[PDB]
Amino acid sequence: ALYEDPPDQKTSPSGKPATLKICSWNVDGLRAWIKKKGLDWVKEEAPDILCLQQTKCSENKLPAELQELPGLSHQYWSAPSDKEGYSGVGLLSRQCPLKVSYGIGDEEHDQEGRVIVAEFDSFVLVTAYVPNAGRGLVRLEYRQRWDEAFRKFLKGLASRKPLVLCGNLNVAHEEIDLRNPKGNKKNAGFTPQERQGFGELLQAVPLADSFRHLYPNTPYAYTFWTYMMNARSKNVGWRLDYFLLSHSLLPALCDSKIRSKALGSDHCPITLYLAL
């Protein structure tokens, strides 16, 4: 039940070469991840745009190593005001975005540090660290309300420029998206409510799941494994990290990768190749 991500496809269905490489990585403690050489892997991957989630780091505490990325020199960071040490997201880009914003409507009052929006010439990029439903589903109702607020927010944005949404969306959409579907239907990340919310997200905005679009029947493809019980060595995992795309961008889609071998978090990186 191990998994080998197939080779990188770097040309679109119409034969156009990839021009844009976006990497998304839920790093689960940015400072720890850097100590575990996460930036060395990033340099090898050489993305045009790097989106990070669960940084657990306010901007004043960013390691200096992050100042020595000449190919990712435009950097935007967010962290929650009243929950330091949790959430936190970042977006780093080769080229300067046209516009950058934070949160999903009222960040200035509910500084949550979970979402960054960056508008580029031909698309809008959103990265998100979606709220976990919590152990015992204690925060599932909050998650459901957040899912609705986020859908409404994104519908707004995609009504003008094509959208790319990436990050830790904290749900395995369908049974194929985790190793143990039967045992986890009452656990955060695989409740009927969260799965429904993801389906409504695809239909309402609308968006497509880039990986599943390309690999509709491929099992055992995950992006998260608990640190407990050696799960990663057994590939007992969940696909929690996505690139979701406006349908108008599917002709630009070259590939959507899962970088299973890259260590330094309990999530692995995912990478998108677009021909723009």
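Numbers for residues come from their place in the sequence shown, where the first is 1.
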> 57-65 versus 217-225: which one carries the higher mean Cα B factor per the record?
Replying inline: 57-65
> Looking at the entry, does 141-149 or 105-113 show the higher mean C-alpha B-factor?
Replying inline: 105-113
> Out of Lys185, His173, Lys99, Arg94, which one has a C-alpha B factor higher than all the others in the entry?
Replying inline: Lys185
> Between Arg195, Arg135, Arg179, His74, which one tops the list for C-alpha B-factor in the PDB entry?
Replying inline: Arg135
> Among the chain's modelled residues, which third holds the C-alpha B-factor of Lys257?
Replying inline: lowest
>> Please place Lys16 in the lowest, middle or highest third of its chain according to the CA B-factor in the PDB entry.
In response: highest
> How does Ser233 rank on Cα B-factor within its chain, lowest, middle or highest third?
Replying inline: highest
>> Could you place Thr127 in the lowest, middle or highest third of its chain by Cα temperature factor, using the values in the record?
In response: lowest
> How does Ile270 rank on Cα B-factor within its chain, lowest, middle or highest third?
Replying inline: lowest
